[PDB]
Amino acid sequence: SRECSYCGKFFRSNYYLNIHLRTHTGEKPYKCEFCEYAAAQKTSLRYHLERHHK
Amino acid sequence: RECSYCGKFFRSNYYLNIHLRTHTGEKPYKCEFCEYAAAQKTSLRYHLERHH
DNA sequence: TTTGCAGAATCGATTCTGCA
DNA sequence: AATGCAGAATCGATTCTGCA
Ligand SMILES: [Cl-]
Ligand SMILES: [Zn+2]
Ligand SMILES: [Zn+2]
Ligand SMILES: [Zn+2]
Ligand SMILES: [Zn+2]
Ligand SMILES: [Zn+2]
Ligand SMILES: [Zn+2]
Ligand SMILES: [Zn+2]
Ligand SMILES: [Zn+2]
């Protein structure tokens, strides 16, 4: 589907909905290799690398 | 009135003392429903409103 | 159509400031 | 002058979206 069962928002793709759901479930598949930080989306990890590891 | 962490200046020593918590991580405002803690009163007030 | 990059927009959470 | 409440202003870690 494309509707979030938590917050009711409607998305352009099933693909992004599934990413979106991570924000409610707490799943965070992108692990920082340098510390124990994890992120739901790729952009958050990239930002984390640029600012805490430099 | 000068902070030694970020070099910023503040209007009073009273607020400078509060400001330092942003760096030192001292969080005297404590939620009585969960383990949340805050440096400034407004943060605790916001926390209580939407969460509890 | 489904996946993905990349970075701007968003808005929760916090800091700063007007006034007492 | 020093303390303090309360809300305006700001920030930034994440979500969202133009584009491919
Ligand atoms: Cl304390
Ligand atoms: Zn949702
Ligand atoms: Zn969208
Ligand atoms: Zn890290
Ligand atoms: Zn480090
Ligand atoms: Zn400082
Ligand atoms: Zn709480
Ligand atoms: Zn929360
Ligand atoms: Zn910003």
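Naming: A, B, ... by sequence-line order, numbering from 1 per chain. When reading the values below, keep in mind they use all heavy atoms of this one structure, side chains included, and skip hydrogens, waters and symmetry mates.
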How close or far is atom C1' of C/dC5 from atom CZ of A/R46, stated in whole angstroms? 7 Å
Whole angstrom is fine here: how far is it from CG in A/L17 over to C1' in C/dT1? 16 Å
Look only at the side chain of A/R2 and the backbone of A/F11, and say whether a donor-acceptor pair between them is shorter than 3.5 Å. yes
Tell me the interatomic distance from A/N18, atom CG, to C/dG4, atom P, rounded to whole angstroms. 12 Å
Could you write out each protein N or O paired with an N or O of nucleotides 13-18 of chain D at a distance under 3.5 Å?
{"from": "D/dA13", "atom 1": "OP2", "to": "A/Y47", "atom 2": "OH", "distance (Å)": "2.6"}
{"from": "D/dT14", "atom 1": "OP2", "to": "A/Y37", "atom 2": "OH", "distance (Å)": "2.6"}
{"from": "D/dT15", "atom 1": "OP1", "to": "A/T23", "atom 2": "OG1", "distance (Å)": "2.5"}
{"from": "D/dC16", "atom 1": "OP2", "to": "A/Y16", "atom 2": "OH", "distance (Å)": "2.6"}
{"from": "D/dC16", "atom 1": "OP2", "to": "A/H20", "atom 2": "ND1", "distance (Å)": "2.8"}
{"from": "D/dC16", "atom 1": "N4", "to": "A/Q41", "atom 2": "OE1", "distance (Å)": "3.2"}
{"from": "D/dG18", "atom 1": "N7", "to": "A/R12", "atom 2": "NH1", "distance (Å)": "3.0"}
{"from": "D/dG18", "atom 1": "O6", "to": "A/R12", "atom 2": "NH2", "distance (Å)": "2.8"}

What pairs meet the side-chain hydrogen bond (donor to acceptor under 3.5 Å, both in side chains) rule with one or both residues in residues 29-40 of chain B, with sequence neighbours excluded? B/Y15-B/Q40
Separation of D/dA2 atom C1' from B/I18 atom CD1, nearest Å, is 11 Å
Nucleotide D/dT3, atom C1' - distance to OH of B/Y14 in whole Å: 5 Å
Residue pair B/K27 / B/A39: nearest heavy atoms and the distance that separates them: CG-N, 3.7 Å
Hey, can you tell me if A/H24 and A/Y6 have their rings parallel, tilted or perpendicular (30° and 60° cut-offs)? parallel
Bend of the helix from C/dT3-D/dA20 to C/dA20-D/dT3 from end-axis comparison, five pairs per end, nearest 10°, comes to 30°
Would you check if A/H52 and A/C32 make a side-chain contact, meaning some heavy-atom pair closer than 4.5 Å? no
